[PDB]
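# Structural description and commentary
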Amino acid sequence: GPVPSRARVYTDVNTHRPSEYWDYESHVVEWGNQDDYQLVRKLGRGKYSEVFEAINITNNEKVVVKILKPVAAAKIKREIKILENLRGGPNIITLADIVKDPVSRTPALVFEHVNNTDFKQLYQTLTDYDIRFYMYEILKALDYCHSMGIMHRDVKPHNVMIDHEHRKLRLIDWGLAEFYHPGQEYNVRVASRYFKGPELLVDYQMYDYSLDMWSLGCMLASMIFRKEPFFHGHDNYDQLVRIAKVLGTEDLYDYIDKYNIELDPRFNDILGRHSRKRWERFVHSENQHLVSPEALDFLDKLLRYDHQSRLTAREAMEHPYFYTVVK
Ligand SMILES: Nc1ncnc2c1ncn2[C@@H]1O[C@H](COP(=O)(O)OP(=O)(O)OP(=O)(O)O)[C@@H](O)[C@H]1O
Ligand SMILES: Clc1cc2[nH]ccc2cc1Br
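Parameters and conventions
- Residues numbered from 1 in each chain as written, not as in the entry; some residues may be left out.
- Chains lettered and ligands numbered in written order.
- Heavy atoms only, no water.
- Helix = DSSP H or I, 4+ residues; strand = E, 2+ residues; numbered from the N terminus.
- Contact = heavy atoms within 4.5 Å.
- Polar contact = N/O pair within 3.5 Å; in protein donor to acceptor, adjacent residues only side chain to side chain.
- UniProt positions renumbered as here; feature names shortened; annotations may be inferred.
- Buried < 20%, exposed > 50% of the residue type's maximum accessible area, 1.4 Å probe, protein only.
- Pairing = 2+ DSSP bridges.
- Near = heavy atom within 4 Å.
- Areas by Shrake-Rupley, 256 points an atom, 1.4 Å probe, with all protein chains shown as cover.
- 1 Å grid on protein atoms, 1.4 Å probe; cavity = no way out; pocket = protein on both sides within 12 Å on 5 of 7 lines; lining within 4 Å.
- Sits in = over half its atoms within 2 Å of the grid points.
- Nonpolar A, V, L, I, M, F, W, Y, C, P; charged D, E, K, R; others polar.
- Domains from an automatic or database assignment.
- Buried area = accessible area lost by both parts, 1.4 Å probe.

This part is about the environment of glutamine 308. Mapped onto the elements of the fold, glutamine 308 is located in the loop between α9 (293–302) and α10 (313–317). With 195 residues separating them along the chain, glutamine 308 and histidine 113 place their C-alpha atoms 36 Å apart. With sequence-adjacent residues up to four places away left out, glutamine 308 is seen in contact with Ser5, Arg6, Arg8, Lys258 and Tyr259. A polar atom in the side chain of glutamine 308 sits 3.4 Å from the side chain of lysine 258.

Quick look at the structure:
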């Protein structure tokens with residue numbers, strides 16, 4: 001069957017922590033006062049929650065309220081435990097309160113509000129320096145959560161809030177986040193299609209923090225090459241073919257051979273044979289100002305099939321691409 005795998009960093013953070021730290025099922029939720037919050041406007045709705053802008057009437061501060069849709073208490077306590085564990089961490093969204101919504105009769109998570117800049121404007125206006133600056137900020141949040149034994153599993157642009165005026169970044173939406181336990185087989189239905197790592201696309205369940213580094217690489221490629229998304233699959237199968245058209249099929253077969261993974265036979269008549277492309281192939285007059293040899297080397301070290309070969313968040317922070325960023 002498949003060869004086992006373990007993270008090359010932060011492998012035993014959870015084994016050496018009190019069981020209360022990662023045993024989210026055993027956690028007793030402390031409930032706040034729902035009357036402290038006045039809902040102002042609906043910001044969005046997904047399969048798992050409705051999101052509102054609200055006012056905390058005890059301090060007149062703006063907050064965001066995520067009212068959870070009917071889902072397993074396992075996912076609810078997991079998100080709460082992760083948010084409480086990471087609270088105060090660099091660039092991690094702050095969970096301000098947990099209240100029972102009187103209408104839905106489900107938990108409502110109250111978060112600090114971030115005055116988020118339009119994503120389309122950010123994507124179209126970020127300069128070379130801003131891309132490096134904000135990528136260093138996201139790495140601080142990822143190294144923190146990884147060092148705390150947690151994988152985010154849904155890194156994507158909509159989950160990175162940026163207040164471009166105050167040069168403030170927050171990593172949000174921890175509903176898919178999970179505690180990393182060496183040897184544990186996880187669900188591969190995580191992350192959004194365009195940001196799914198090859199490990200999820202080939203059904204390899206013993207993955208780790210390095211999944212987030214693939215997702216970060218996908219964001220980087222889309223920003224420096226001005227191609228959103230970078231890997232534009234029609235579905236989860238075409239998603240792997242789109243990756244293989246860039247990284248090539250030889251390295252893909254070496255990856256699956258290393259872990260003794262057998263690809264779904266449905267890939268036999270869609271994967272083809274592709275060579276690895278040089279990153280310069282994606283450079284053109286409209287994105288050249290965002291590309292440098294340091295950007296391409298950094299990208300090359302994130303976008304690797306073998307999850308064990310990708311840079312960790314801390315190694316990424318050491319890369320020459322960030323030497324220009326004021327620290
Ligand atoms: N802490 C926050 N401060 C300000 N706005 C937030 C905060 N958290 C979420 N939002 C905003 O709430 C809105 C709705 O969120 P929601 O996650 O449902 O949709 P979304 O960002 O389009 O996500 P997805 O792409 O996953 O569907 C978004 O515009 C999001 O930026
Ligand atoms: Cl790190 C980062 C996160 C982001 N979220 C939306 C745009 C955007 C750009 C960068 Br660079």
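Sequence positions flagged by UniProt for "active site" are, in local numbering, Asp154. Looking at the secondary structure, you find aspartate 154 in the loop between β6 (150–151) and β7 (160–163). For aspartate 154, a relative accessible area of 8% translates into the label buried.

To continue, consider the pairing of strand β3 (residues 61–68). When a strand is regular, its side chains alternate between the sheet's two faces. Buried residues dominate β3, accounting for six of its eight residues. The pairing of strand β2 (residues 49–56) with β3 spans eight bridges and is classified as antiparallel. The residue bridging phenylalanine 52 from the neighbouring strand is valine 65, located in β3. In this antiparallel pair of consecutive strands, β2 and β3, the connection spans four residues, and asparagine 60 shows a positive phi of 55°. Across five bridges, β3 lies against strand β5 (residues 107–112) in antiparallel orientation. Looking across to β5, one finds that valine 63 is bridged to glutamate 112.

A few words on the site of ligand 1. Taken together, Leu43, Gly44, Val51, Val64, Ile93, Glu112, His113, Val114, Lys156, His158, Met161 and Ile172 make up the full set of residues near ligand 1. Within the backbone of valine 114, a nitrogen or oxygen atom sits 3.0 Å from a nitrogen atom of ligand 1. At a separation of 2.8 Å, an oxygen atom of ligand 1 approaches a polar side-chain atom of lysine 156. Here ligand 1 loses 70% of its free accessible area of 620 Å² to cover by the protein chains.

Moving on, we get to the pairing of strand β8 (residues 168–171). With four bridges connecting them, β7 and β8 associate as antiparallel partners. Its bridge partner lying in β8, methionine 161 is registered against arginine 170. If you look at the hairpin formed by β7 and β8, you'll find four residues sitting between the two strands, and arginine 167 has a positive phi there, around 50°.

Below, the discussion takes up the site of ligand 2. Near ligand 2 you find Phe119, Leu126, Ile131, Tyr134, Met135, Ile138, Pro157, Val160, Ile162 and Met219, and these make up its full shell. One nitrogen or oxygen atom from the main chain of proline 157 is found 3.3 Å from a nitrogen atom belonging to ligand 2. At 3.4 Å from a nitrogen atom of ligand 2 is found a main-chain nitrogen or oxygen belonging to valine 160. For ligand 2, the protein covers 97% of the area, taking 320 Å² as the surface of the free molecule. At a threshold of 2 Å from the grid points, most atoms of ligand 2 map onto the second largest pocket. Contributions of two or more residues to the shell around ligand 2 are made by α4 (128–147) and β7. With four residues, α4 is the largest single contributor of residues to the shell around ligand 2. Its residues assigned to classes, the shell around ligand 2 shows ten nonpolar, no polar and no charged.

Let's shift gears to the domain arrangement of the protein chain. As far as domains go, the protein chain holds domain 1 (5–22 + 114–327) and domain 2 (23–113). On a C-alpha basis, the centroid separation for the pair domain 1 and domain 2 is 27 Å. Listed as interface residues are 26 residues of domain 1 and, on the opposing side, 18 residues of domain 2. When domain 1 packs against domain 2, close to 2000 Å² is buried across both sides, 57% of that on carbon and sulfur atoms.

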